[PDB]
DNA sequence: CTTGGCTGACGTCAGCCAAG
DNA sequence: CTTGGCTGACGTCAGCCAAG
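Protein chains in written order, with UniProt numbering: chain A, 15 to 58; chain B, 16 to 58; chain C, 271 to 323; chain D, 271 to 323.
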C-alpha cells in the first residue's frame with residue numbers, strides 16, 4: 015500500500031510526482047537531440 | 016465520439032488506443048537490432 | 271408503478287458503479303503500461319544517441 | 271452525537287467524491303500526456319532509423 | 001481497548017440525450 | 001416533440017485503520 019495509497023489526495027500527489035519525473039527526463043532526451051543530428055553530417 | 020458518455024464506450028476507446036500503441040510500440044522495438052547493426056557497419 | 275421504477279433504477283445503478291470501477295481500473299492499468307513503454311523508449315533513444323555520438 | 275455525526279459524515283462525503291472526480295480527471299490527463307510523449311519518442315526513434323538506415 | 005477521519009457500496013432523486 | 005436507458009450527485013450505513 016506504499017505505491018498504492020488509500021487517500022485520494024495521496025494518489026493525486028503521487029501521479030503528479032511521477033508525471034513531473036517522466037516529463038523531466040523526456041524534456042532532456044528530446045532537448046539535445048539537435049546535437050545528435052549535427053553529428054550525422056560528419057558521416058555523409 | 017472522442018469523449019463518450021457511456022462507461023462502456025470509454026473502456027472500449029481506451030482499449031482500442033492501448034492496442035494501437037502497443038502494436039506500434041512492439042514494431043519499433045521489434046527491429047532495433049537492425050539499426051544496432053548499422054553502426055557496426057559504419058564503424 | 272413506484273416499486274417497479276425504484277427496482278429498475280436500483281438494479282441499473284449497481285451496473286453503473288461496476289462499469290465506473292472497471293473504467294478507473296482500466297485507466298490505472300493503462301497508465302502503468304504507458305509508463306513502462308515511456309521508460310523503455312527513453313532508455314533506448316538515449317542509447318541510440320550514444321550509438322552515433 | 272448522531273445529528274452531528276451525520277452532518278460531519280455527509281460533509282466528508284462531498285469532498286470525498288470531489289477528490290475522486292479530481293483523481294479520475296488526473297488519470298485521464300496523465301494518460302493523454304503519456305500518449306503524446308510516447309508518440310513523440312516513437313516518431314523520433316523512427317527518424318534516427320531512416321537517417322542512419 | 002476505543003474513536004475520528006476516509007472510503008466502498010447502497011438506494012434514491014434529478015437531469016441529459018441519442019433513440020425513437 | 002416525448003421516453004427509456006445511463007449517469008451525476010446526494011445522504012446514509014458499514015467497515016477499515018492510523019491515532020489516540
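By construction, the Cβ of each residue, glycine as well, lies at the ideal position given by its N, Cα and C atoms.
Secondary structure at residue 16/A: coil, using DSSP grouped into helix, strand and coil.
Taking one beta carbon from each stretch, the stretch 18–34 of chain A and the stretch 288–297 of chain C have fewer than 3 pairs nearer than 8 Å; the two do not touch. Going by DSSP, residue 296/D is part of the alpha helix (DSSP H) stretching over 272–321. Using a CB distance below 8 Å, the part of the UniProt region "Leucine-zipper" (297–318) of chain C facing chain D consists of 297, 298, 300, 301, 304, 305, 307, 308, 311, 312, 314, 315, 318, ordered along the chain. Contact between the stretch 300–311 of chain D and the stretch 298–308 of chain C is present, with at least three C-beta pairs closer than 8 Å. A residue is called buried when at least 16 other Cβ atoms come within 10 angstroms of its Cβ; residue 50/B meets this threshold and is buried.
The DSSP-derived three-state label of residue 30/B is helix. For residue 56/B, the enclosing alpha helix (DSSP H) covers residues 47–57. Two segments are said to touch when three or more pairs of C-beta atoms, one from each, lie closer than 8 Å; by this definition the stretch 32–51 of chain A does not touch the stretch 276–285 of chain D.
By the neighbour-count definition (other C-beta atoms within 10 Å, threshold 16), residue 35/B is an exposed residue. Looking from the CA of residue 53/A, the closest CA among 298/C, 283/C, 319/C belongs to 319/C. Taking 8 Å as the Cβ-Cβ cut-off, the stretch 276–297 of chain D approaches chain A at 286, 289, 290, 292, 293, 296, 297, given in chain order.
In this structure, the beta-carbon distance from residue 57/A to residue 57/B falls below 8 Å. In terms of Cβ geometry, residue 321/C and residue 312/D do not form a close pair [threshold 8 Å].
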